[PDB]
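Asker: Any chance you could fold what I've pasted below:
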Amino acid sequence: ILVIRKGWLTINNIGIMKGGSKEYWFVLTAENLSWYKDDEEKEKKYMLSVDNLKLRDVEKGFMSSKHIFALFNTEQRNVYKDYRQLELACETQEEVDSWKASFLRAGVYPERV
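Answerer: Residues are numbered from 1 along each chain as shown. Now the structure:
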């Protein structure tokens, strides 16, 4: 119910078949993490349950300046659609760190990297 945070994040590993890496507007609550095309909320890319979401430091990553972390379904292959893991990136390390605390509150805890 309570909104924990609203803020932009880049989904770095969105397929060829979905435009590629685009920025999406995230809304996290104690029950769901939903992502939209933008802050107007006219869209809905999807609403994924926070249940069974965990967070891992995804092993160095691409050869970029991005700091990577990811949400992954602990009990199955894909996290949503045909994805394996949903990669989230920030231009700065502090951005990644503040968002980790917001996920903590919603019940997505770290480890299993």
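Asker: in the chain, which spans are strands?
Answerer: 5-11, 22-28, 32-36, 46-49, 53-56, 67-73, 86-90 (DSSP state E).
Asker: The last one pairs with which strands?
Answerer: The reference is to strand 86-90. Counting by DSSP bridges, the strands paired with strand 86-90 are strand 5-11 (antiparallel), strand 67-73 (antiparallel).
Asker: Out of these, flag the one nearest residue 53.
Answerer: strand 67-73 (5.0 Å; CB to CB). Where C-beta positions appear, they are placed from N, C-alpha and C, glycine not excepted.
Asker: What residue, apart from its backbone neighbours, is nearest residue 77 spatially?
Answerer: Distances taken as CB to CB, 6 or more residues apart in numbering place residue 84 nearest to residue 77, at 6.7 Å, with adjacent residues excluded.
Asker: circling back: winner for burial among the strands of the chain?
Answerer: Highest mean neighbour count among the strands of the chain (mean count of other CB atoms under 10 Å): strand 86-90, with a mean of 23.
Asker: what residues are up against residue 13?
Answerer: 21, 83, 85, 86, 87 (CB atoms under 8 Å, 6 or more residues apart in numbering).
Asker: For residue 106, the count of nearby residues, please.
Answerer: Residue 106 has 18 neighbours, counted by other CB atoms under 10 Å.
Asker: wait, residue 3 sits on residue 27?
Answerer: Yes. Residue 3 lies in contact with residue 27 (CB atoms under 8 Å); the separation is 6.7 Å.
Asker: quick one, what contacts the residue most central in space within the chain?
Answerer: When CA atoms, centre = their mean is applied to the chain, the residue found nearest the centroid is residue 88 (4.8 Å). Going by CB under 8 Å, 6+ apart, residue 88 touches 9, 10, 11, 12, 68, 69, 70, 71, 99.
Asker: Indicate which one of the strands of the chain is closest to residue 104.
Answerer: When the strands of the chain are compared by CB to CB, strand 53-56 sits nearest residue 104, at 8.9 Å.
Asker: Give me the contact list for the closest one.
Answerer: By CB under 8 Å, 6+ apart, the residues outside strand 53-56 that reach it are 33, 69-74, 79, 100, 103, 107-113.
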